[PDB]
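Presented below is the structure to which this report refers.
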Amino acid sequence: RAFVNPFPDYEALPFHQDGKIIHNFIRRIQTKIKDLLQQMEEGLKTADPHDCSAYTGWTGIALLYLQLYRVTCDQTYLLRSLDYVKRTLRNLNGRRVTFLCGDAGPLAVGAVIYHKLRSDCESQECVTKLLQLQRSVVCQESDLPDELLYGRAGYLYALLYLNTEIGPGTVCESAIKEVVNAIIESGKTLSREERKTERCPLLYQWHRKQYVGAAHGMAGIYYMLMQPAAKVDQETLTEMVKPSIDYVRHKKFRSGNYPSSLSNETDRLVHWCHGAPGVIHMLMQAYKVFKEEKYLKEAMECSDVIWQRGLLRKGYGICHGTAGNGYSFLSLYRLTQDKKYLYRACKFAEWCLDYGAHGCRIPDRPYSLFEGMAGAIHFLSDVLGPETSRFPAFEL
Ligand SMILES: [Zn+2]
């Protein structure tokens, strides 16, 4: 599942003492980005015309070019992002709600792109249509899950995306509070039916499995609830979210990895979607909000599991691959300024410079943001500037 990580750890260099990446490594990274960009452009020509998702479709490619534009300021990239959103803005049936897999991705990415190209009316039309998803999400009688790829938390992300990328006052805080309350009541309900009201106040399941991790599980729901832009009150944070965070912490393996769901006792997946590379963001965010060192210390422990098991044979992607796990190191570095994690991110990036020379399997969507090439390009573009790195479709 993982390669043997060949690199020595930081103690046993691709940056200077002050944290700045050396010229040679920047140049090697920018060279590969150009290289991979052209392979991605070529392969997307045969990709599925209908998958418009941020996760595996066209909206994800526009997200990459938005990201390229954020970090280079090259207007060429802004314009190219428009080429990819435009594919996605016409078919919308409003049956999927999340930023990653539903209509909120095309719509929120489109609204941001239009706003940076100064056309306010198309920008506003996107936002207006996005908010029409509101009732389907807030309805407690809907079978809709709460998790990030198909549930309330993924819709919540789109709103926070608008208020952080465009600005506060794009989405009404009333509409964010409604979605937050819907998520909270959902977690109270299931936790009562499972008689966990006092041990895990907020409990969630997806397809009747109580997933632990970022993509479909509790760690990603708690992570969004802890976002400063979701404006959750102190009482709900300390009485409802923190004890739920602590409950999942105590389900961790002795190996330091985290299970895929509460029942599963076999330690296999070291992915953003399942395992320590996703749960670590819950812990790091828990450290930002609650400021107790045990949360950071556990994030550091997650980092060591990811350093040893995180170079994956699945591939180089964000969801379950080397780029997504490499982001764990950039995030922890931003939090700690401990250049050990800068080093570890730099080494995973080095692995990505050899993209496709390792005998990794080919993902179904091999050019996509979260399954394929676009995500690796995304991750490489952020190692250039570790201080401003953002995990796509997840950090704000
Ligand atoms: Zn995955």
Side-chain angles (χ1 to χ4, degrees), residues 1-3 47-48 51-57 59-61 63-64 96 98-102 105 145-151 153-154 157 204-207 209-224 248 253 257-264 266-283 302 305-306 309-331 348 351-352 355-356 358 360-379 390-395:
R1 274 201 183 278
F3 304 94
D48 187 316
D51 182 338
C52 289
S53 61
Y55 182 76
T56 37
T59 302
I61 309 307
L63 255 195
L64 174 63
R96 303 183 174 190
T98 68
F99 187 89
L100 278 160
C101 308
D146 292 284
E147 51 65 70
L148 191 74
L149 268 62
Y150 302 104
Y157 180 89
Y204 302 99
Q205 69 196 317
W206 181 60
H207 287 123
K209 267 206 131 150
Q210 321 205 329
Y211 287 102
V212 153
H216 303 299
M218 283 170 272
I221 297 168
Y222 309 148
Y223 176 86
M224 291 308 163
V248 311
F253 290 127
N257 198 22
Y258 289 75
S260 65
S261 61
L262 287 173
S263 51
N264 157 83
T266 324
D267 176 359
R268 33 182 272 202
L269 306 184
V270 179
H271 306 159
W272 172 80
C273 51
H274 306 281
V279 174
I280 191 180
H281 293 277
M282 166 194 80
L283 296 166
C302 279
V305 187
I306 299 161
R309 297 163 74 195
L311 298 177
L312 303 190
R313 290 214 137 79
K314 283 246 156 82
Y316 306 95
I318 290 280
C319 191
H320 39 266
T322 295
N325 299 349
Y327 261 107
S328 81
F329 300 124
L330 285 169
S331 296
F348 273 42
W351 193 261
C352 287
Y355 196 116
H358 299 119
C360 295
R361 42 222 285 184
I362 310 304
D364 297 355
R365 279 75 145 244
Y367 312 103
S368 61
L369 186 54
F370 269 56
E371 264 186 16
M373 279 207 31
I377 298 166
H378 198 284
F379 163 70
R390 260 186 247 148
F391 198 117
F394 188 71
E395 281 172 341

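Along the sequence shown, the residues carry numbers beginning at 1. Start at 1 and go down the list; that is how both ligands and their atoms are numbered.
Around the Zn ion (ligand 1), the protein contributes the following N, O or S atoms under 2.8 Å, ordered by chain and number: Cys273 SG, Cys319 SG, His320 ND1.
For the side chain to side chain donor-acceptor pair (under 3.5 Å) test, residues two or more places apart in sequence or in another chain that qualify with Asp51 are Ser53, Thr56. Residues satisfying the side chain to side chain donor-acceptor pair (under 3.5 Å) criterion with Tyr327, sequence neighbours excluded, are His378, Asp382. Under the salt bridge (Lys or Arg N to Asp or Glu O under 4.0 Å) criterion, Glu147 pairs with no residue, sequence neighbours left out.
Taking the six-membered ring wherever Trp is involved, the centroid distance between the rings of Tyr223 and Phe394 falls below 6.0 Å. Centroid-to-centroid, the aromatic rings of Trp272 and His281 stay 6.0 Å apart or farther.
Distance OG1/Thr322 to CZ/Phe379: 8.5 Å, rounded to 0.5 Å.
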